[PDB]
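Data first, discussion second: the structure below is written as structure tokens.
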Amino acid sequence: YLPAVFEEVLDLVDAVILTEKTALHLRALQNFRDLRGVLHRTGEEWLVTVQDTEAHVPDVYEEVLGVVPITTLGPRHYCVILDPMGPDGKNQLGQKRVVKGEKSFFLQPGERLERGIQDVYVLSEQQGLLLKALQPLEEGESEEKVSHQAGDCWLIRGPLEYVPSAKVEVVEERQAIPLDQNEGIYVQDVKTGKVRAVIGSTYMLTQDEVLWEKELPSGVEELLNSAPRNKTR
Amino acid sequence: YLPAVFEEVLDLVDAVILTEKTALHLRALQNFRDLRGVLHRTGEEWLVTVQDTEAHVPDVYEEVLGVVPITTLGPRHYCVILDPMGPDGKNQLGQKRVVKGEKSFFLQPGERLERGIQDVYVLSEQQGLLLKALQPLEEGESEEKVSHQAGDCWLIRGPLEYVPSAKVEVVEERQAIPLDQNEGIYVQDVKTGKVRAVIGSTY
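Just so you know, the protein sequences line up as chains A and B, in that order. Those letters in the first sequence? Residues 204 to 428, 449 to 456, per PDB author numbering, in order. Take 204 as the starting number for the second sequence in PDB author numbering and just add one per residue.
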């Protein structure tokens, strides 16, 4: 290209190589039309992938911010996207989506993850997850398909795979209670305060139950005759 | 070749010798057509083997990354390929395939192995493998052909050969319990906590 007399050359522009693992983040410096014919007003941000071109050329009306890697969710990996895209095409500020099921996508502009590619909760028949329904009475969208009020607690158990829904928060992992005959733990139903001792087979604390403290007045050394005894046992 | 006046010589290019044990990894610097007539857009990566040519010539539109050795799986060797090829021809990012049965292949671009040419689990009548079904209820694709829920545990035993499926993980190798008459171990069924003493034959 011979630079015309009325033209002056600044520098050469290199088209960033667009792979299946990379995307180009661009913002418009002015109202214009890109190479593929997409309206881009000033301040708008968009993504360019291999579906558009194999190597997009940075334009004078396009400002490059960086390269967006494809966040790949594995078969047991989930993620919570903050400030997502709505169907209108804007940041849904203040909300969050949950994505799972072997998905691979590029981070749309103005998005960031809660933790980032979390491991999906897998729990056996001897594991449990305590949950709190922090939002107004989700009847569906849960494994149980049962409404949970705004604030209460419940336990999910069984050899299944759980993922934190967009309206629930995990509290703790219920485990570590193996029980034998004539052996047990003191449990207190915090809802109504009915302290009781479960004896026999392995028992897991219900949503409203918790371990209870049993005190023996000056009787520990008599019945125990190094390590401190489990008072909840 | 007499270099033409309008041409200028850079250097000579040597065709990499393609053997049955080697493959050429290439990426396109621009949209072009290779020697054999294959469309190659910018950024695409492909492999060239003896099936294509005995010695492929690095082109100006082709960038050489390295040589891909043929990962040979022995008769008792398996492997778990991360980010495999789907039928469409792209990296299946986040998934994994299991390959066994005396297979020999070249690593497709954008692939790497979990451990690499693992020894296939062979267990006798006195050996066992504890497994956890970490994915949703595989009815088939297992030796037992029985569904296992998402998280529970089960034991596989017998003089067979096992390979970790693409949906299961191995936990431990059950062994070291030889028992004689009036001899035994105290065992606890953790599911229900029924502690009991097994006595007599090996258990």
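Backbone N, C-alpha and C fix where the C-beta goes; we use that ideal spot for every residue, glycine too.
Check                                                                                                                                                                                         : Outcome
With 16 other CB atoms within 10 Å as the buried threshold, where does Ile359(B) fall?                                                                                                        : buried
Per the DSSP calculation, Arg318(A) is bridged to which residue(s)?                                                                                                                           : For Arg318(A), which the question treats as bridged, DSSP gives no partner whatsoever.
Once DSSP output is grouped into helix, strand and coil, what is the label at residue 174(B)?                                                                                                 : The structure shown does not extend to residue 174(B), since chain B is modelled only from 204 through 406, so no value can be given for it.
Listed in chain order, which residues of the stretch 241-254 of chain B have Cβ atoms closer than 7 Å to some Cβ of chain A?                                                                  : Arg244, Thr245, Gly246
Report yes if the CB atom of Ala369(B) is closer than 7 Å to the CB atom of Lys299(B), and no otherwise.                                                                                      : yes
Run through chain B and tell me which residues come within less than 7 Å of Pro362(A), C-beta to C-beta.                                                                                      : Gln352, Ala353, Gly354, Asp355
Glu425(A) by DSSP, collapsed to three states: which one?                                                                                                                                      : helix
Assess contact between the stretch 257-271 of chain A and the stretch 223-239 of chain A, defined as three or more Cβ pairs (one per stretch) separated by less than 8 Å. Is contact present? : yes
Nearest CA to the CA of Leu337(A): which residue from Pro362(A), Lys303(A), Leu426(A), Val374(A)?                                                                                             : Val374(A)
Just to confirm, is the Cβ distance from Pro362(A) to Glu328(A) under 7 Å?                                                                                                                    : yes
Could you check where the beta strand (DSSP E) with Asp392(B) kicks off and where it finishes?                                                                                                : 387-392
Hey, which unbroken runs of the beta strand (DSSP E) at 3 residues or more fall wholly within the stretch 261-347 of chain B?                                                                 : 265-275, 280-285, 299-302, 307-309, 324-326, 331-336
At the 7 Å Cβ level, is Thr455(A) part of the contact set with chain B, yes or no?                                                                                                            : no
By how many angstroms is the C-alpha of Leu215(A) removed from the C-alpha of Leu334(A)?                                                                                                      : 57 Å
What residues in its chain sit with their C-beta under 8 Å from that of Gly331(B), if we drop five residues either side in the sequence?                                                      : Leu358, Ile359, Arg360, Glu376, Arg377, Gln378
Count the other CB atoms within 10 Å of the CB of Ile388(B); is the residue buried (16 or more) or exposed (fewer)?                                                                           : exposed
Give, in chain order, every residue of the stretch 293-316 of chain B whose Cβ lies closer than 7 Å to some Cβ of chain A.                                                                    : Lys293, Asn294, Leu296, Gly297, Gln298
Output needed for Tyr406(B): all residues of its chain with C-beta closer than 7 Å, excluding positions within five of it in sequence on either side, in chain order.                         : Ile380, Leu382
Do you know whose CA, among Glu223(A), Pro339(A), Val423(A), lies nearest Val251(A)'s CA?                                                                                                     : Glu223(A)
Taking Cβ-Cβ distances shorter than 9 Å, what residues in chain A pair up with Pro367(B)?                                                                                                     : Ordered by position in chain A, no residue passes the 9 Å Cβ test against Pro367(B), which lies about 14 Å from the chain.
So, at 6 Å on beta carbons, what are the nonlocal neighbours of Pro261(A) in its own chain, with the 5 sequence-adjacent residues on each side left out?                                      : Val216, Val267
Please name the residues in the stretch 260-291 of chain A whose beta-carbon is closer than 9 Å to at least one beta-carbon of chain B, in chain order.                                       : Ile273, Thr275, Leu276, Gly277, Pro278, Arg279, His280
Taking Cβ-Cβ distances below 7 Å as the criterion, which residues of the stretch 324-339 of chain B are in contact with chain A?                                                              : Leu337, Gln338, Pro339
Residues of chain B with CB closer than 8 Å to the CB of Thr405(A), please, in chain order.                                                                                                   : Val393, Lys394, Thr395, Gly396
Under 7 Å between the Cβ atoms of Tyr324(A) and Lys303(A)?                                                                                                                                    : no
Less than 7 Å between C-beta atoms, sequence neighbours within five positions excluded: which residues of the same chain meet that for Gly269(B)?                                             : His228
Are the stretch 306-325 of chain B and the stretch 339-352 of chain B touching, with three or more C-beta to C-beta distances below 8 Å?                                                      : no
Closer than 9 Å, Cβ to any Cβ of chain B: which residues of the stretch 217-233 of chain A, in chain order?                                                                                   : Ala218, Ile220, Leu221, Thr222, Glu223, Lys224, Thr225
Near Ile320(B), what residues of its chain come up, given a Cβ to Cβ distance below 7 Å and the 5 sequence neighbours on each side ignored?                                                   : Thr274, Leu276, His280, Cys282
Should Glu346(A) be flagged as near chain B, meaning a C-beta pair shorter than 7 Å?                                                                                                          : no
In this structure, how does DSSP classify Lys454(A) when only helix, strand and coil are distinguished?                                                                                       : coil
Taking Cβ positions, are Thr245(A) and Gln233(A) nearer each other than 7 Å?                                                                                                                  : yes
What distance in whole Å lies between the Cβ atoms of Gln384(A) and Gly403(A), which are believed to be in contact at a cut-off of 8 Å?                                                       : 6 Å
To the nearest angstrom, how far is it from the Cα of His243(B) to the Cα of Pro367(A)?                                                                                                       : 43 Å
Just verifying my parser: in three-state terms, what is the DSSP assignment at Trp357(A)?                                                                                                     : strand
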